[PDB]
Amino acid sequence: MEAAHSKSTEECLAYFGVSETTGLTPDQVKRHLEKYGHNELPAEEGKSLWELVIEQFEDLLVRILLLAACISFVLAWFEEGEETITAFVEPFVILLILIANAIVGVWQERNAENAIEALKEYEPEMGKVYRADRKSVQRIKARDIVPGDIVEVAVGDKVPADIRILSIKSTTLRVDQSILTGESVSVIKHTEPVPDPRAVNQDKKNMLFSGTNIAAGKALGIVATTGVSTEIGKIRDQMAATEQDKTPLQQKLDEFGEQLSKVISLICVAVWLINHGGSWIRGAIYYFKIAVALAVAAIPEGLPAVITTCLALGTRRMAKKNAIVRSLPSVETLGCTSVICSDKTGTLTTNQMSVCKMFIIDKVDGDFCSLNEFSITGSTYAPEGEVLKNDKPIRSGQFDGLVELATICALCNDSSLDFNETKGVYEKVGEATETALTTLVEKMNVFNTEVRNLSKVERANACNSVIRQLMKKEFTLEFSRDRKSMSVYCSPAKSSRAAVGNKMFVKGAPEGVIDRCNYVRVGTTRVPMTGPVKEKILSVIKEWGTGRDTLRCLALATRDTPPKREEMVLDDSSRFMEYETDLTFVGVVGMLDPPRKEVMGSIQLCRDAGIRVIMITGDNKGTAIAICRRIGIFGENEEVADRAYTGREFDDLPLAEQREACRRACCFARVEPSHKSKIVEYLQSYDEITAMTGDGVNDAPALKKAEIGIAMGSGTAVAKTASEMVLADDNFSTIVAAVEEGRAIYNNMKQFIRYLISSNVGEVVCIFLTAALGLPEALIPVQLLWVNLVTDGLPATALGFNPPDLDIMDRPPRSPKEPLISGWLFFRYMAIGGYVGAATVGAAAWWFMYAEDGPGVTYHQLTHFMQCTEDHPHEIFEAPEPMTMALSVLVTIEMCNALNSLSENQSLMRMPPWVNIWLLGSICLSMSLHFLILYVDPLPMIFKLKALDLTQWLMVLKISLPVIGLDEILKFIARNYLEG
Ligand SMILES: Nc1ncnc2c1ncn2[C@@H]1O[C@H](COP(=O)(O)OP(=O)(O)O)[C@@H](O)[C@H]1O
Ligand SMILES: CC(=O)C1=C(O)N2[C@H](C1=O)[C@H]1c3c[nH]c4cccc(c34)C[C@H]1C2(C)C
Ligand SMILES: [Mg+2]
C-alpha cells in the first residue's frame, strides 16, 4: 500500500481486510508473501578474488604480455633432459610479474564494501506481529513480515518495515529517523492521516520507516510496505541503478592500451614487409624472438606499481590534512573537480549558533511605531556575555517586554546547556538553535538571580530554572514544517500574578507567527496589531536577515487567553496552528551561525582555481543569498536573480530550465534531498566533475552519483560508505585543500606517465633497427624487464615528489578530454623515442664495429648473414659485451631523461636537477643496481652481460648525455615559438 499516510486508520484496514484486534489469517500471510515477496533487500550480487583476478587478464595488454609468454615457451625446446641449468627465465619472469601485477589491482586497490551492502545493517532481524493463529505478540524473523499484518514496536526497537501507525498505546511516541536525516533529536508521531498524497517524509508523521528506532513510547500499526518498496528500500534501488563511470585517467589509459596493442600488431607485420639448406622450423622461430622483444619493449610493465605507489603515498598525505580518501583512484579525479556543492551548517559554518540582536516594541501611537532594540555579546554557548542598548550595557530585567522575551525563550524551549568538566567548556543539549535561546535567557538574567556565586555546572541552566519555577509546562505542540512554529501550554504555580487565564507561548519563524498576531505587547500593556506596526516589525526582520549580519530570526508571541484545556485535540497536529492563533507579538530574537574562519579564503581559492562553489541550505532564499555574499560566493553588490533558487522555485521549472539553471546556479535554499540527485545529474549533462556533500541515507543516492561524494567525520555510518572522501573535521576547506593536492598528484602523474612511456617508444625503435637492419638484438626481454620495473622504476616514483607550481591553483580545472600526449609533446617524445632507438643500437654494434678488445669488423655486413651456413666472407654474435653496451646506454639516458621530466617546459637551467632531492637519490640507487647486476656473478650471467671497461663507460656517456641537449632545445621552442 503506497499512499498510506493519506488514508485514514480505517481505510488502511479496509485495504488489507484485516482486524486490528485479530490480525492476519495464516492464509493471507501466504497469498500476500506471494504477491509482495519477502521483507528483505535483494541479496548481494557476489564477488571473489579469483574471478577478480580473471577479470584482469582479459585486458588487451595483459593478453599480449601473456601471448609473449606463450611464445617465450615455444622457442626454447621440448620435454625433459638434463641440465644447461641457465635457461627458462624469459618466460618465467613475465608470468611471475603478471601474477604480481594483477594482484596489485586488488588487495591495495580496494573494491569491496559498497553503500548498498551497508543498507543491510539497518534492516532488522526480528519483528513483532499479531496474526490470527495465536493471541500473543508473536515475534518473527523480519524477513517474513508482510504488507498488511499488524505490528508492535516499543522503546528501543528497530522498525521492521514501513508502517502506518494504528494506535499509540503509550503517553506519546518518539521515533529516531537519524539514519535517514542525521539529526540526533527524536520526532513525535501521531495517527491522523496526512492528507496530501505527495507529502515528503518529514511530513509523514503517522508513519514509521523501516530502519528507524523508537526512541520512546510504544505503538501498534499496519505494515504499509516492505522489502524494496519502503523508503529505505527505495534508496537502495536508486543506488542500484547507478552506472559508475571510470576516472578520466582510467579512461584515457584504457584507450592507450587499445592503441598500444594495435601498434604492436602493426609493427609485427611491418617487420614482415621488409623481410640454402635446412628446414622450415628455425625461420618460423626467428620472427618470434623479435615479436616477444617488441612485446616487452612497448609495455611499461612498471606503470601499475608506480601509480599505486603514488596513490597510496597521496592517501596518507591528504589524511594529514583531514581528508580521508577511501576509493584509491579518486585521488586523480579529485584533481579534475569542477564544481563543489556544500551544505552550509557544519561545513561552511561552525554550527555554534548564538543570539546577538533582539527587539521588542517601545511605543505605538497612530503611525509612530518605535522599536526598543538591544544587542548581545558572546559567540559561545557559555552564559558569559552581556546585553547592550545604544551600545552600552543595560540591565535586561528593567524592560518589561524583555522579561516576556526570556520567559518564552525558556518555557517554549526543549533544549539546555551542560558544563563539560573534561574540555572545561559548556555543551549544547538538543537543538543548536534552541540551546542558543537557553544561553540567552542566562545572559539576560531578567530577575537578577545571584549567579556569580554558583559554579560552572550549576549556573549553566540557572536563570532558566528560576523561570521554570514561575510557570508550569503542561503539554506542548511540536514544530511542523507546515505551520513553522511551536508552542507550549503553561500554568501558574506559587504566589505569583497570573490568573483567569493560562498562556500558550508560541515561538516560530517570523512571517508565520506575526500573521497570527492580532495584538502587540507594548511593555506589560497590549494594543491591537496594525499595518504600520506590522510593517516596522517586518522591516527590521528583513534587515537583520538579509543584512551583512545574516541573522536567523524568531518571532516570539503568546496566546494571552488560550482555549480551555478540554477543547484542543492534542493528537491532531493539523489543528495545532488554530490553537496558535489570536497571538500577541512580544518580540524577535535573531541569531548567527558563523561561517568557518577558514572558508572565506578557501572560497576565493576556488575562484582563482576556476572551480564553482554551490551552497545548499535551509535558510530562506533571502538569508541564503546574504550568507553567500558574506562568504564570497557572490560579490557584495552584484546580480544574482537567476543564480539562487529555492526548493519550490526549482520544482516549478520544466526540466530544460532546471538543467539550464544548474550551470549558472550557486545557491539552493530550502531544498529536498531529492534535488541533490537531480542537481548532480544536471551538472554531469555538462561534463562537469562534481564534489557533493551530504549525510544521512537520504543523501546516499547523491553521494553515489557525484564523481566525488563527501561525508562528514561526525556523519552517519551509511553516509560515509556512500562517499569517496570523508572530512574528518567536517571543514569545508578540507575539501578545497584535497582538490589542490589531487591537482598536484595528477600533475606529477602526467609526468612520470610520459617518462615511463618515453622509454618504451625508444626501446621499440631500437628493436625495430636490430630487425630492420638485421643485426643481433641489442636488447633482450630479461634486460628490458629490469629497466622498466626497477631501472626506470625508482626515478619514475621519485618523480611523484616534484615541487608543485606556485600557480597550481591559479589555473582553471583540467578537462577530462585532455590527452596526456598531444601536439608538440607528441613530436617531442617521438624524437626522444627516435634517439634512444638509435643510441642503444649505435654504441652496441659499435662493439662489433669500432671497438678495441671486441671483434671490430667495420661494415662486415652483419645484415647479410647471422646464419654462418657459408662462413665464406670470413658465436661471438651471442657475446655479453655488446648487449652491455646497449643496456648501459639505455639506463644512463633514462636517468638523464628522468631529469628532463622534473618540469614540462622549464630548462634544467631554470629548473635545477637538484630541486627534487629524491630524484637524484633515486638515480644514485638506480646505477648502484646497474653495477650490482654486473659483478655479483650470478646476476651478469643471468642477464647475459659482462662489466664494461673504463673505455666502454665513456662511450656511453658520449652517446647518452647528448639527449639532455636535444631535450632543452624542444623546451625553449615550445617556450618561445609555440606560445600565444
Ligand atoms: N524543505 C524545507 N522546507 C521548509 N523548511 C526547511 C526545509 N528544509 C529545511 N528546513 C528548515 O531549515 C533549517 C536549516 O536547515 P539547513 O541550513 O540545511 O541546516 P539543517 O538542514 O542541517 O538544519 C532546518 O532546521 C529546517 O528547520
Ligand atoms: C595482469 C594485470 O593486472 C596487469 C598487468 O600485468 N599490467 C597491466 C595490468 O592490468 C597492463 C595494462 C593494462 N593497461 C595498461 C596501460 C599501460 C600499461 C600497462 C597496462 C601495463 C600492463 C601490465 C603488464 C603492467
Ligand atoms: Mg546538514
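FYI, residue positions are counted from 1 along the chain as it appears here.
The deposited model was determined using X-ray crystallography, 3.4 Å.
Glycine too: its Cβ is placed from the backbone N, Cα and C atoms.
Here Swiss-Prot flags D343 as active site, 4-aspartylphosphate intermediate. What Swiss-Prot lists as Mg(2+) binding site is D343, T345, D695. According to Swiss-Prot, the feature ATP binding site maps to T345, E434, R481, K507, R552, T617, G618, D619, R670, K676, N698. Look at Swiss-Prot and you will find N760, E763, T791, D792, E894 tagged as Ca(2+) 2 binding site, backed by experimental evidence. The phosphothreonine feature in Swiss-Prot is assigned to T433, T561; the stated evidence is similarity to another entry. Taken from Swiss-Prot, the feature phosphoserine applies to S573. The topological domain 'Lumenal' annotation in Swiss-Prot covers 70-89, 770-779, 936-950.
Features as recorded by Swiss-Prot, highlighted on the structure.
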residue	record	CB count, 10 Å
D343	active site, 4-aspartylphosphate intermediate	22
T345	Mg(2+) binding site	15
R552	ATP binding site	22
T561	phosphothreonine	12
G618	ATP binding site	15
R670	ATP binding site	18
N698	ATP binding site	24
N760	Ca(2+) 2 binding site	23
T791	Ca(2+) 2 binding site	26
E894	Ca(2+) 2 binding site	25
Residues close to Mg(2+) site centre defined by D343, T345, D695, Cβ within 8 Å: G182, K344, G346, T347, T693, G694, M712
Helix, strand and coil residues within the topological domain 'Lumenal' (70-89) as assigned by DSSP: 5 helix, 0 strand, 15 coil
Beyond the flanks of the topological domain 'Lumenal' (70-89) by at least 6 residues, Cβ under 8 Å: 285, 288-289, 291-292, 781-782, 941-942
Cα-to-Cα gap, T561 (phosphothreonine) vs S573 (phosphoserine), nearest whole Å: 21
Helix-strand-coil residue split for the topological domain 'Lumenal' (936-950), DSSP-based: 5 helix, 0 strand, 10 coil
Residues from the same chain, set at least six apart from the ends of the topological domain 'Lumenal' (770-779), whose C-beta lies under 8 A from its own: 271, 274, 289-290, 293, 297, 763, 840-841, 844-845, 848, 862-864, 866, 877-878, 882-883, 885-887, 890
Lowest local Cβ density (other Cβ within 10 Å) among modified residues: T433, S573: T433
Recorded positions near ligand 3 among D343, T345, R481, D695, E763 (Cβ under 6 Å): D343, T345
Distance [Cα-Cα, Å, rounded] between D695 (Mg(2+) binding site) and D792 (Ca(2+) 2 binding site): 44
From recorded positions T433, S573, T791, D792, the one whose Cα lies nearest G618 (ATP binding site): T433
Recorded positions near ligand 1 among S573, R670, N698, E763, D792, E894 (Cβ under 6 Å): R670
Environment of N760, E763, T791, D792, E894, the listed Ca(2+) 2 site - residues of the same chain whose CB lies within 8 A of the CB centroid: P300, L756, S759, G762, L784, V787, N788, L890
Neighbourhood of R481 (ATP binding site), C-beta criterion under 8 angstroms, separation at least six: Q202, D203
Per DSSP, three-state class assigned to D343 (active site, 4-aspartylphosphate intermediate): strand
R670 (ATP binding site) versus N760 (Ca(2+) 2 binding site) - Cα distance in angstrom: 56
